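Here's structure_11.pdb, which has PDB, C-alpha atoms and all ligand atoms:
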```pdb
ATOM      1  CA  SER A   2     103.598  98.657 131.843
ATOM      2  CA  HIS A   3     101.692  95.904 130.065
ATOM      3  CA  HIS A   4     102.758  92.486 131.429
ATOM      4  CA  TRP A   5      99.777  90.354 130.462
ATOM      5  CA  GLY A   6     100.390  87.209 128.460
ATOM      6  CA  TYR A   7      99.361  83.563 128.117
ATOM      7  CA  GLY A   8     101.427  81.917 130.833
ATOM      8  CA  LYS A   9     100.246  80.527 134.152
ATOM      9  CA  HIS A  10     101.486  83.666 135.853
ATOM     10  CA  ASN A  11     100.046  86.310 133.490
ATOM     11  CA  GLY A  12      97.424  84.517 131.416
ATOM     12  CA  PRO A  13      93.714  84.929 130.875
ATOM     13  CA  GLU A  14      92.732  84.145 134.508
ATOM     14  CA  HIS A  15      94.841  87.136 135.646
ATOM     15  CA  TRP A  16      93.755  89.719 133.043
ATOM     16  CA  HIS A  17      90.785  91.036 135.031
ATOM     17  CA  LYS A  18      93.074  92.581 137.675
ATOM     18  CA  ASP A  19      94.405  95.167 135.227
ATOM     19  CA  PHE A  20      91.515  95.071 132.706
ATOM     20  CA  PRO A  21      88.337  94.674 134.797
ATOM     21  CA  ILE A  22      86.133  94.606 131.648
ATOM     22  CA  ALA A  23      87.446  91.005 131.353
ATOM     23  CA  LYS A  24      84.387  90.122 133.492
ATOM     24  CA  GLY A  25      82.056  92.241 131.356
ATOM     25  CA  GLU A  26      78.741  91.654 129.707
ATOM     26  CA  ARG A  27      79.950  91.157 126.106
ATOM     27  CA  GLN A  28      83.326  89.413 126.249
ATOM     28  CA  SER A  29      84.895  87.258 123.544
ATOM     29  CA  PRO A  30      85.480  84.594 122.492
ATOM     30  CA  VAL A  31      82.424  82.393 123.124
ATOM     31  CA  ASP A  32      81.342  78.877 122.431
ATOM     32  CA  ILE A  33      79.037  78.807 119.395
ATOM     33  CA  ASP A  34      76.197  76.383 120.130
ATOM     34  CA  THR A  35      75.161  75.589 116.603
ATOM     35  CA  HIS A  36      71.770  74.198 117.575
ATOM     36  CA  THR A  37      70.822  77.338 119.586
ATOM     37  CA  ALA A  38      72.050  79.905 117.017
ATOM     38  CA  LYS A  39      69.114  81.193 115.046
ATOM     39  CA  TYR A  40      68.944  81.849 111.329
ATOM     40  CA  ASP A  41      68.269  85.523 110.748
ATOM     41  CA  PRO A  42      66.634  86.458 107.474
ATOM     42  CA  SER A  43      67.336  90.106 108.332
ATOM     43  CA  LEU A  44      71.037  89.714 107.644
ATOM     44  CA  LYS A  45      72.057  91.442 104.404
ATOM     45  CA  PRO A  46      74.629  89.663 102.088
ATOM     46  CA  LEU A  47      78.217  89.749 103.492
ATOM     47  CA  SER A  48      80.599  91.709 101.238
ATOM     48  CA  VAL A  49      84.329  91.063 101.527
ATOM     49  CA  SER A  50      86.063  93.458  99.110
ATOM     50  CA  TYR A  51      89.833  92.811  99.250
ATOM     51  CA  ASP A  52      90.715  93.352  95.567
ATOM     52  CA  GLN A  53      92.725  96.490  96.365
ATOM     53  CA  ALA A  54      94.150  95.313  99.701
ATOM     54  CA  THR A  55      97.665  96.710 100.260
ATOM     55  CA  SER A  56      99.772  94.811 102.778
ATOM     56  CA  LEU A  57     102.827  96.542 104.143
ATOM     57  CA  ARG A  58     104.617  94.749 106.967
ATOM     58  CA  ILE A  59     104.520  91.784 109.326
ATOM     59  CA  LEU A  60     105.249  92.305 113.023
ATOM     60  CA  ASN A  61     105.858  89.943 115.975
ATOM     61  CA  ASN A  62     104.259  91.926 118.848
ATOM     62  CA  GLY A  63     105.030  89.362 121.532
ATOM     63  CA  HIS A  64     101.430  88.073 121.571
ATOM     64  CA  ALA A  65     100.951  87.019 117.901
ATOM     65  CA  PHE A  66     102.159  88.233 114.516
ATOM     66  CA  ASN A  67     100.244  90.879 112.554
ATOM     67  CA  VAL A  68     100.147  91.346 108.838
ATOM     68  CA  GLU A  69      99.493  95.082 108.568
ATOM     69  CA  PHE A  70      97.661  96.902 105.795
ATOM     70  CA  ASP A  71      97.532 100.422 104.472
ATOM     71  CA  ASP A  72      94.252 101.645 105.877
ATOM     72  CA  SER A  73      94.597 105.288 104.760
ATOM     73  CA  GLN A  74      91.984 104.778 102.040
ATOM     74  CA  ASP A  75      89.083 102.316 101.501
ATOM     75  CA  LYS A  76      91.364  99.709  99.851
ATOM     76  CA  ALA A  77      90.024  96.595 101.584
ATOM     77  CA  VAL A  78      86.660  96.713 103.236
ATOM     78  CA  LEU A  79      84.019  94.575 104.854
ATOM     79  CA  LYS A  80      80.357  95.511 104.558
ATOM     80  CA  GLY A  81      76.918  93.888 104.662
ATOM     81  CA  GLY A  82      75.747  91.054 106.885
ATOM     82  CA  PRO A  83      75.105  92.492 110.323
ATOM     83  CA  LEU A  84      77.140  95.618 109.606
ATOM     84  CA  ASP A  85      75.922  99.166 109.176
ATOM     85  CA  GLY A  86      78.338 101.061 107.017
ATOM     86  CA  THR A  87      81.926 100.361 105.881
ATOM     87  CA  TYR A  88      84.693  98.700 107.867
ATOM     88  CA  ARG A  89      88.290  98.999 106.700
ATOM     89  CA  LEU A  90      90.892  96.238 107.026
ATOM     90  CA  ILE A  91      93.818  97.225 109.254
ATOM     91  CA  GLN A  92      95.554  93.919 110.037
ATOM     92  CA  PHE A  93      95.173  90.173 110.383
ATOM     93  CA  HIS A  94      96.686  87.760 112.882
ATOM     94  CA  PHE A  95      96.185  84.243 114.268
ATOM     95  CA  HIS A  96      95.804  82.400 117.543
ATOM     96  CA  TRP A  97      97.069  78.839 117.764
ATOM     97  CA  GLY A  98      97.943  75.914 120.014
ATOM     98  CA  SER A  99     100.865  73.792 121.168
ATOM     99  CA  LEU A 100      99.043  70.792 119.633
ATOM    100  CA  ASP A 101      96.605  70.369 116.777
ATOM    101  CA  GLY A 102      93.744  69.742 119.242
ATOM    102  CA  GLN A 103      93.624  73.301 120.611
ATOM    103  CA  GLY A 104      94.356  76.843 119.493
ATOM    104  CA  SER A 105      91.111  78.455 118.428
ATOM    105  CA  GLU A 106      89.429  81.139 120.584
ATOM    106  CA  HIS A 107      85.879  80.531 119.481
ATOM    107  CA  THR A 108      84.649  76.968 119.749
ATOM    108  CA  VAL A 109      81.841  75.246 117.814
ATOM    109  CA  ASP A 110      79.761  72.947 120.022
ATOM    110  CA  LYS A 111      82.835  72.980 122.323
ATOM    111  CA  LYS A 112      85.153  71.834 119.484
ATOM    112  CA  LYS A 113      88.514  73.584 119.453
ATOM    113  CA  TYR A 114      90.277  74.060 116.129
ATOM    114  CA  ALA A 115      94.050  74.100 115.622
ATOM    115  CA  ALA A 116      94.060  77.860 115.039
ATOM    116  CA  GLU A 117      91.874  80.863 114.315
ATOM    117  CA  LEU A 118      92.508  83.754 111.880
ATOM    118  CA  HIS A 119      91.247  87.253 112.754
ATOM    119  CA  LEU A 120      90.866  89.864 109.990
ATOM    120  CA  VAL A 121      90.427  93.147 111.916
ATOM    121  CA  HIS A 122      88.436  96.061 110.468
ATOM    122  CA  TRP A 123      87.405  99.473 111.843
ATOM    123  CA  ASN A 124      84.236 101.434 111.155
ATOM    124  CA  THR A 125      85.111 104.326 108.888
ATOM    125  CA  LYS A 127      82.510 106.566 110.521
ATOM    126  CA  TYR A 128      85.001 106.949 113.448
ATOM    127  CA  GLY A 129      87.934 108.124 111.346
ATOM    128  CA  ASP A 130      90.718 106.031 112.881
ATOM    129  CA  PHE A 131      91.246 102.747 114.695
ATOM    130  CA  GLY A 132      91.988 104.454 118.048
ATOM    131  CA  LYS A 133      88.643 106.185 118.070
ATOM    132  CA  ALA A 134      86.829 103.174 116.724
ATOM    133  CA  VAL A 135      87.834 101.006 119.669
ATOM    134  CA  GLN A 136      86.051 103.412 122.011
ATOM    135  CA  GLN A 137      82.664 102.706 120.238
ATOM    136  CA  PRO A 138      80.314  99.747 120.648
ATOM    137  CA  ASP A 139      80.193  99.243 116.880
ATOM    138  CA  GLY A 140      83.775 100.355 116.256
ATOM    139  CA  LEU A 141      85.278  97.100 114.929
ATOM    140  CA  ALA A 142      84.283  94.070 112.848
ATOM    141  CA  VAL A 143      86.481  91.014 113.152
ATOM    142  CA  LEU A 144      86.133  88.232 110.585
ATOM    143  CA  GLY A 145      87.133  84.959 112.267
ATOM    144  CA  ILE A 146      88.139  81.850 110.322
ATOM    145  CA  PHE A 147      88.980  78.473 111.802
ATOM    146  CA  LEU A 148      92.032  76.471 110.736
ATOM    147  CA  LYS A 149      92.109  72.666 110.724
ATOM    148  CA  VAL A 150      95.184  70.535 109.894
ATOM    149  CA  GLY A 151      95.021  68.645 106.634
ATOM    150  CA  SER A 152      95.959  69.808 103.164
ATOM    151  CA  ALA A 153      98.241  72.818 102.803
ATOM    152  CA  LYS A 154      96.764  76.266 102.193
ATOM    153  CA  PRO A 155      98.809  77.695  99.294
ATOM    154  CA  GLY A 156      97.749  81.278 100.096
ATOM    155  CA  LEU A 157      99.319  80.953 103.585
ATOM    156  CA  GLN A 158     102.780  79.886 102.493
ATOM    157  CA  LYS A 159     104.231  83.428 102.006
ATOM    158  CA  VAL A 160     103.266  84.159 105.613
ATOM    159  CA  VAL A 161     104.873  80.947 106.890
ATOM    160  CA  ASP A 162     108.023  81.678 104.813
ATOM    161  CA  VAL A 163     108.658  85.050 106.485
ATOM    162  CA  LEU A 164     108.230  83.877 110.059
ATOM    163  CA  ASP A 165     111.892  82.876 110.216
ATOM    164  CA  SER A 166     112.703  86.601 110.012
ATOM    165  CA  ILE A 167     110.399  87.753 112.830
ATOM    166  CA  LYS A 168     111.089  85.059 115.401
ATOM    167  CA  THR A 169     111.164  87.341 118.461
ATOM    168  CA  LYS A 170     109.101  90.145 120.002
ATOM    169  CA  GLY A 171     109.567  93.472 118.271
ATOM    170  CA  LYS A 172     110.902  92.197 114.990
ATOM    171  CA  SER A 173     109.223  93.184 111.769
ATOM    172  CA  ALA A 174     109.753  92.570 108.053
ATOM    173  CA  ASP A 175     108.508  94.180 104.846
ATOM    174  CA  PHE A 176     105.484  92.238 103.647
ATOM    175  CA  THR A 177     104.061  93.810 100.503
ATOM    176  CA  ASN A 178     101.755  92.474  97.828
ATOM    177  CA  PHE A 179     100.166  89.758 100.009
ATOM    178  CA  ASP A 180      96.584  88.858  99.004
ATOM    179  CA  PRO A 181      94.474  88.071 102.091
ATOM    180  CA  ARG A 182      91.820  86.516  99.863
ATOM    181  CA  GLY A 183      94.033  83.413  99.798
ATOM    182  CA  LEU A 184      93.126  82.778 103.433
ATOM    183  CA  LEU A 185      89.317  82.496 102.974
ATOM    184  CA  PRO A 186      87.243  79.342 102.639
ATOM    185  CA  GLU A 187      84.797  78.881  99.730
ATOM    186  CA  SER A 188      81.671  79.712 101.687
ATOM    187  CA  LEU A 189      80.890  82.951 103.468
ATOM    188  CA  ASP A 190      78.186  81.390 105.699
ATOM    189  CA  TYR A 191      78.742  82.774 109.209
ATOM    190  CA  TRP A 192      77.631  83.257 112.773
ATOM    191  CA  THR A 193      77.560  86.749 114.320
ATOM    192  CA  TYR A 194      77.296  88.224 117.779
ATOM    193  CA  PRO A 195      78.370  91.370 119.704
ATOM    194  CA  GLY A 196      81.624  90.967 121.654
ATOM    195  CA  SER A 197      85.033  92.280 122.511
ATOM    196  CA  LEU A 198      88.706  92.226 121.735
ATOM    197  CA  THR A 199      90.041  88.842 122.896
ATOM    198  CA  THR A 200      93.249  90.351 124.319
ATOM    199  CA  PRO A 201      93.777  93.278 126.674
ATOM    200  CA  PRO A 202      92.437  95.910 126.638
ATOM    201  CA  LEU A 203      89.378  93.616 126.059
ATOM    202  CA  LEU A 204      87.287  96.542 124.803
ATOM    203  CA  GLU A 205      83.635  95.796 124.006
ATOM    204  CA  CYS A 206      83.727  97.233 120.500
ATOM    205  CA  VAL A 207      83.521  94.232 118.172
ATOM    206  CA  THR A 208      80.891  92.802 115.893
ATOM    207  CA  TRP A 209      82.178  89.243 115.470
ATOM    208  CA  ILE A 210      81.554  87.460 112.163
ATOM    209  CA  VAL A 211      82.794  83.844 112.428
ATOM    210  CA  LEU A 212      82.770  81.770 109.252
ATOM    211  CA  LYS A 213      81.330  78.283 109.490
ATOM    212  CA  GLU A 214      83.670  76.665 106.954
ATOM    213  CA  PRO A 215      87.258  76.176 108.239
ATOM    214  CA  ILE A 216      90.286  76.449 106.012
ATOM    215  CA  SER A 217      92.759  73.543 105.898
ATOM    216  CA  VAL A 218      96.443  74.183 106.508
ATOM    217  CA  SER A 219      99.172  71.538 106.643
ATOM    218  CA  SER A 220     100.791  70.244 109.791
ATOM    219  CA  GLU A 221     104.074  71.701 108.489
ATOM    220  CA  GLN A 222     102.504  75.156 108.138
ATOM    221  CA  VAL A 223     101.181  75.317 111.706
ATOM    222  CA  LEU A 224     104.415  73.799 113.043
ATOM    223  CA  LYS A 225     106.137  76.929 111.736
ATOM    224  CA  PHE A 226     103.772  79.153 113.732
ATOM    225  CA  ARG A 227     104.865  77.247 116.813
ATOM    226  CA  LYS A 228     108.547  78.122 116.270
ATOM    227  CA  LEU A 229     107.886  81.801 116.935
ATOM    228  CA  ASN A 230     108.825  83.269 120.317
ATOM    229  CA  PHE A 231     106.928  85.361 122.834
ATOM    230  CA  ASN A 232     110.241  86.659 124.151
ATOM    231  CA  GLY A 233     112.588  89.168 122.633
ATOM    232  CA  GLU A 234     115.945  88.458 121.009
ATOM    233  CA  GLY A 235     118.543  87.156 123.408
ATOM    234  CA  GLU A 236     115.997  86.268 126.105
ATOM    235  CA  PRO A 237     115.086  82.799 127.415
ATOM    236  CA  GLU A 238     113.089  81.092 124.667
ATOM    237  CA  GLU A 239     109.375  80.823 125.303
ATOM    238  CA  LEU A 240     107.649  79.335 122.255
ATOM    239  CA  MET A 241     104.686  81.355 120.994
ATOM    240  CA  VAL A 242     102.055  78.680 121.460
ATOM    241  CA  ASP A 243      98.618  78.622 123.152
ATOM    242  CA  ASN A 244      98.088  82.350 122.574
ATOM    243  CA  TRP A 245      94.286  81.926 122.806
ATOM    244  CA  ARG A 246      91.740  83.109 125.345
ATOM    245  CA  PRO A 247      89.159  80.453 126.346
ATOM    246  CA  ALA A 248      85.431  80.883 125.793
ATOM    247  CA  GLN A 249      83.735  83.453 128.007
ATOM    248  CA  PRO A 250      80.174  83.574 129.377
ATOM    249  CA  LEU A 251      77.536  84.345 126.746
ATOM    250  CA  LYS A 252      75.470  86.398 129.221
ATOM    251  CA  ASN A 253      72.560  88.203 127.553
ATOM    252  CA  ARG A 254      73.527  87.502 123.958
ATOM    253  CA  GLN A 255      72.172  85.695 120.976
ATOM    254  CA  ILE A 256      74.287  84.263 118.189
ATOM    255  CA  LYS A 257      72.706  84.683 114.759
ATOM    256  CA  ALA A 258      73.338  82.453 111.745
ATOM    257  CA  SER A 259      73.387  83.692 108.147
ATOM    258  CA  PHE A 260      72.400  80.279 106.821
ATOM    259  CA  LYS A 261      69.859  77.432 107.032
TER     260      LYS A 261
HETATM  261  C1  LIG A 301     105.391  88.833 133.485
HETATM  262  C2  LIG A 301     104.541  88.250 134.606
HETATM  263  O1  LIG A 301     104.255  87.052 134.640
HETATM  264  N1  LIG A 301     104.114  89.218 135.485
HETATM  265  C3  LIG A 301     103.328  88.819 136.650
HETATM  266  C4  LIG A 301     102.566  90.051 137.085
HETATM  267  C5  LIG A 301     101.367  90.324 136.218
HETATM  268  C6  LIG A 301     100.388  89.340 135.978
HETATM  269  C7  LIG A 301      99.253  89.649 135.233
HETATM  270  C8  LIG A 301      99.090  90.970 134.775
HETATM  271  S1  LIG A 301      97.619  91.294 133.871
HETATM  272  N2  LIG A 301      96.401  91.609 134.939
HETATM  273  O2  LIG A 301      97.831  92.509 133.116
HETATM  274  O3  LIG A 301      97.227  90.102 133.171
HETATM  275  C9  LIG A 301     100.040  91.958 135.003
HETATM  276  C10 LIG A 301     101.149  91.619 135.738
HETATM  277  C1  LIG A 302      95.185  99.933 120.798
HETATM  278  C2  LIG A 302      94.281  98.742 120.887
HETATM  279  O1  LIG A 302      93.265  98.723 121.604
HETATM  280  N1  LIG A 302      94.636  97.679 120.163
HETATM  281  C3  LIG A 302      93.849  96.449 120.119
HETATM  282  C4  LIG A 302      94.475  95.434 119.138
HETATM  283  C5  LIG A 302      93.607  94.217 118.977
HETATM  284  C6  LIG A 302      92.961  93.956 117.786
HETATM  285  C7  LIG A 302      92.220  92.786 117.574
HETATM  286  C8  LIG A 302      92.143  91.844 118.634
HETATM  287  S1  LIG A 302      91.185  90.353 118.386
HETATM  288  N2  LIG A 302      92.063  89.105 118.848
HETATM  289  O2  LIG A 302      89.993  90.521 119.234
HETATM  290  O3  LIG A 302      90.964  90.232 116.952
HETATM  291  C9  LIG A 302      92.800  92.065 119.836
HETATM  292  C10 LIG A 302      93.528  93.249 119.983
HETATM  293 CL    CL A 303      85.023 100.534 123.863
HETATM  294 ZN    ZN A 304      92.687  87.841 117.574
END
```

Rewrite the coordinates I just gave you, this time as structure tokens.
Ligand SMILES: CC(=O)NCCc1ccc(S(N)(=O)=O)cc1
Ligand SMILES: CC(=O)NCCc1ccc(S(N)(=O)=O)cc1
Ligand SMILES: [Cl-]
Ligand SMILES: [Zn+2]
Amino acid sequence: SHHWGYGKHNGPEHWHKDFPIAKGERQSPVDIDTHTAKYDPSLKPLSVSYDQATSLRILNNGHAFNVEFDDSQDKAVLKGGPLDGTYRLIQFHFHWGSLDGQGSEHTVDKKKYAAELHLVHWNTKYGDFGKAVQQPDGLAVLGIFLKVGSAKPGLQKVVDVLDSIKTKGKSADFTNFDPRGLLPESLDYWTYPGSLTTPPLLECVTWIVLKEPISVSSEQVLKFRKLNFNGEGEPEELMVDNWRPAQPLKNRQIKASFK
């Protein structure tokens, strides 16, 4: 059974024993060296089209919480930039720290942010998410950094429901949530080929990491940190530090959409 996690006994340094691609050639996350990233005029405009996004449910899966979408039609899609074709939004989730000084997966000139949002999309040419993750261009994940400062009003409905999904396996109805409230003003980004950042660590992702962070309040991220990795009735293990550290860049280039 799956027994990977974020603890000393089952965390990222152990994953390779059950998921040997952990030591692969295109693993994520990575440190983004902003001086070495090169502007690419070939990149087409990024198109985030969430007007018809249809959220359904929020789930504590024991690793993070996912806000799930109806992906049975092209209701919410990502296109353009480095992408060929249409990628459909399936879910978003976050990674975050025990303290404001850590929590992000990607880093920017080695800087760690308090958290990182991942909007996960699958390439419609593969029909379903399960098939998409077996393809090198199966997924596009839009990553957005969170820093602690002013509150993000568009996040508060998420924070408000966390009380109801404290433990692993709990879910709650979560309809009519607009993910556009989680974006920064600018769509300026970095992009590179990588992987899922949790087991199974599949090398199927085109990463698109926005340069501009969003600000959330200390009180908002403190509520993330009250979640539990454990199930109901088990010893409490706060859901904190659910991030994988930066992995070797190997033979990759990070491209910038700007400057
Ligand atoms: C729950 C616990 O700590 N189990 C220890 C054994 C255990 C550690 C790591 C993994 S892996 N390679 O999938 O990350 C599986 C099992
Ligand atoms: C069945 C299956 O492979 N599910 C993978 C779920 C999964 C989706 C996205 C990510 S991340 N943090 O890279 O955005 C990790 C895991
Ligand atoms: Cl794959
Ligand atoms: Zn993630």

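Compared by their closest atoms to ligand ZN 304 (chain A), and using only C-alpha atoms and all ligand atoms, the residues A:118, A:229, A:256, A:163 rank with A:118 nearest.
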
Q.
As a quick test: using all atoms listed in the file, which residues lie no more than 12 Å away from ligand LIG 301 (chain A)? Give them as a VMD selection string.
A. chain A and resid 2 to 23 63 200 to 203 231 to 232 246

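Nearest-residue note for residue A:207: choosing from A:133, A:27, A:127, A:58, the minimum distance belongs to A:27, counting all atoms listed in the file.
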
Mind working out the centre and edge lengths of an axis-aligned box for ligand LIG 302 (chain A), all listed atoms inside, 4 Å added to each side, rounded to one decimal in Å and written as JSON?
```
{"center_x": 92.6, "center_y": 94.5, "center_z": 119.3, "size_x": 13.2, "size_y": 18.8, "size_z": 12.7}
```

Applying 12 Å and only C-alpha atoms, which residues near residue A:130 remain after dropping the ones on its own chain fewer than 4 positions away? List them as a ChimeraX atom specification.
/A:72-74,88-91,122-125,134-137,140-141

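Atom pair atom CA of residue A:33 / atom CA of residue A:111 has a distance of 7.5 Å (rounded to one decimal).
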
Which residues would end up in the selection if the PyMOL selection byres (((chain A and resi 147) around 10) and not hetatm) were applied here, given that I need the answer as a list in words? residues 95, 96, 104, 105, 106, 107, 108, 109, 113, 114, 115, 116, 117, 118, 119, 145, 146, 148, 149, 185, 186, 211, 212, 213, 214, 215, 216 and 217 of chain A

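Restricting the calculation to all atoms listed in the file, the smallest distance between ligand ZN 304 (chain A) and any of A:25, A:247, A:46, A:155 is found for A:247.
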
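Across the model, the gap from atom CA of residue A:156 to atom CA of residue A:178 is 12.1 Å.
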
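With all atoms listed in the file as the basis for measurement, A:94 is the residue among A:112, A:94, A:261, A:252 that approaches ligand ZN 304 (chain A) most closely.
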
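From atom CA of residue A:93 back to atom CA of residue A:150, the distance works out to 19.6 Å.
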
query = Applied to the shown file, which residues does the PyMOL selection byres (((chain A and resi 248) around 6) and not hetatm) return, written as number ranges by chain?
reply = A: 30-32, 247, 249

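With distances restricted to only C-alpha atoms, A:45 is the closest residue to residue A:259 from A:24, A:64, A:154, A:45.
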
Give me, as a PDB file with C-alpha atoms, keeping the file's coordinate frame, all polymer residues having an atom no more than 7 Å from stretch 99-101 of chain A, counting all atoms listed in the file and skipping those fewer than 6 positions away in the same chain.
```pdb
ATOM      1  CA  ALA A 115      94.050  74.100 115.622  1.00  0.00           C
ATOM      2  CA  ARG A 227     104.865  77.247 116.813  1.00  0.00           C
ATOM      3  CA  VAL A 242     102.055  78.680 121.460  1.00  0.00           C
ATOM      4  CA  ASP A 243      98.618  78.622 123.152  1.00  0.00           C
TER       5      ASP A 243
END
```

Could you list, as a ChimeraX atom specification, every residue within 6 Å of residue A:197, counting all atoms listed in the file and ignoring same-chain residues fewer than 6 positions away? /A:28-29,203-207

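Restricting the calculation to only C-alpha atoms and all ligand atoms, the smallest distance between ligand ZN 304 (chain A) and any of A:208, A:87, A:56, A:244 is found for A:244.
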
Take the PyMOL selection byres (((chain A and resi 234) around 9) and not hetatm), apply it to the structure above, and return the hits as a PDB file with C-alpha atoms, keeping the file's coordinate frame.
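File produced: result07.pdb:
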```
ATOM      1  CA  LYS A 168     111.089  85.059 115.401  1.00  0.00           C
ATOM      2  CA  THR A 169     111.164  87.341 118.461  1.00  0.00           C
ATOM      3  CA  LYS A 170     109.101  90.145 120.002  1.00  0.00           C
ATOM      4  CA  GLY A 171     109.567  93.472 118.271  1.00  0.00           C
ATOM      5  CA  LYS A 172     110.902  92.197 114.990  1.00  0.00           C
ATOM      6  CA  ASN A 230     108.825  83.269 120.317  1.00  0.00           C
ATOM      7  CA  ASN A 232     110.241  86.659 124.151  1.00  0.00           C
ATOM      8  CA  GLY A 233     112.588  89.168 122.633  1.00  0.00           C
ATOM      9  CA  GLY A 235     118.543  87.156 123.408  1.00  0.00           C
ATOM     10  CA  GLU A 236     115.997  86.268 126.105  1.00  0.00           C
ATOM     11  CA  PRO A 237     115.086  82.799 127.415  1.00  0.00           C
ATOM     12  CA  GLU A 238     113.089  81.092 124.667  1.00  0.00           C
TER      13      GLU A 238
END
```
